[PDB]
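Two separate entries follow, structure 1 and structure 2, each one form of the same protein chain as C-alpha cells.
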Structure 1
C-alpha cells in the first residue's frame, strides 16, 4: 500500500515545479538500499523536495543515527510508504543531478531503474564541504527538526566528540553554497505537499 492514484497525480504535477535544465542537488541519509531522508534542491529557484522513509534495517539505522543523522526512529513512523520510489519515478528523463559523493546516489537511482539520470560528482574536501555548515543550520533550522539525537565522531586520542548532525536538505544547501562561493539569496519553497510527506500531520498549535 503506497501512494494512491490521486497522490501520484498530485506528485506528477508538483514535479513540474522543477526546472529540468537547472542545477539540482541531491543527498540522502542512510544507505542507498534503505534510505531514511531524501532531499533534492534547485538553488536557482529555491524549490526543494524533502521527505523521509521508515528504515527496514533497524540495526543499521541505530549506527547511522549515532554517527550521521541523529534521527529518532519513532519520528519516522508516520511517513508515507512508497514515496521514495514514487518521487524517483516522477523525476524527469535524462535529468542531471549534482551531489557530493555520487556513489550512493547512483546505487539508489539504479535500484529504481533510473540509469538515464546523469550524475555530477562534486568532490569537496571535508573542510570545504562544511564551510557554511553553521550558517545554513542557522538560517534554515525551521525546515527540518528530525535530527534530535546527539551525533558523535571518534577522535584519535580517545573518547567521542559531538558533531553537528547530518541533514540531507542542509547538506544540499551547504554544499551548493560551498561550490557557489556564497549562500543563496532565494527563499526556499517545498515542492511536495505536507500531507503527502507525512500520513498524519499534526495541526497548528492554537495559542
Structure 2
C-alpha cells in the first residue's frame, strides 16, 4: 500500500540532504487534494526532490492536463504509491518553504498534518514568474520528460493558443531565478534515488 521499511529508511537518509535552514522552493502540478507532480528545490546546493503520483479524480486530471501539465495519465501508473505522504512525513520539522502564486502548497501540507512548516508567499505576477521559462527548459529539459501533451491557454478575447507545459520542477527553478534577478548555470542533483520514484521493473514482453 506504500513504502517498505528499507524504502522509508532510504528516504529518511535522503532527507538529510536538505538543509533545513536554506531556501527551499516547493511546487505541485494537480490539485492539493490530488497532486500528480511534486517538486522541492534548494537553489543554494542544487538539490531537488521530484516525483509523481497517479491521480484519484480522472476528470479533473484531464482538464489539468489540457490547461497545465500535459501529462499522459498512463505514464503515472508505475509511480510508487504512498510516496507523497511518505515524503511529506519526512520533511525536516519547522522548515520554511517558499511558494508562488497560490495556497496549494499550504493546503497539501496541512492535509497531511504538517502545520509546523512555515510558508513564504511570493506574490510574483504570472507574467514575471515565467520570465526565465524558455531558458530554464533549455538548460534543464532533460530533467523532466513527463509533459508530453499539447497544453493550451484561453485567450484574452476568446479562442485558445498553445503554451509551454507547466512542470513543478521547472517552476521551482524559474521562480527562484525570477526572484533572484538572474538564471544561474548550476548542476542540479536529485535527492531521491531513481529506484524509489517509479515502481515496476518486470518486462511486460520478451522481445
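Heads up, when I say rigid core I mean the largest set of C-alphas that superpose within 1.5 Å between the two forms. Only residues modelled in both forms are compared. Numbering follows the first chain given and starts at 1.
Checklist line | Rigid core fit then residue 157 CA moved by 2 Å or more between the two structures | finding: Residue 157 C-alpha, core-superposed: shift of 2 Å or more.
Notebook entry, point to check: Rigid core fitted, is the C-alpha displacement of residue 17 between the two structures 2 Å or more?
Noted result: After core superposition, the displacement of the residue 17 C-alpha between the two structures stays below 2 Å, so no.
Note to self: Relative to the superposed rigid core, does residue 200 relocate between the two structures - that is, does its Cα move 2 Å or more?
What the structure shows: Result for residue 200: yes, a 2 Å-plus shift.
Notebook entry, point to check: How much does the C-alpha of residue 57 move between the two structures, in Å, given a rigid core overlay?
Noted result: Taking the core as reference, the C-alpha of residue 57 is shifted 0.2 Å.
Item checked: Cα displacement of residue 102 between the two structures, core-superposed (Å) -> Its C-alpha position differs by 4.4 Å.
Item checked: Rigid core fit between the two structures: Cα deviation of residue 126 in angstrom -> A shift of 1.7 Å at the C-alpha.
Margin query: Once both forms are aligned on the rigid core, what are the runs of 3 or more consecutive residues with C-alpha shifts of 2 Å or more between the two structures?
Written below: Runs moving 2 Å or more: 156-159, 184-186, 200-207.
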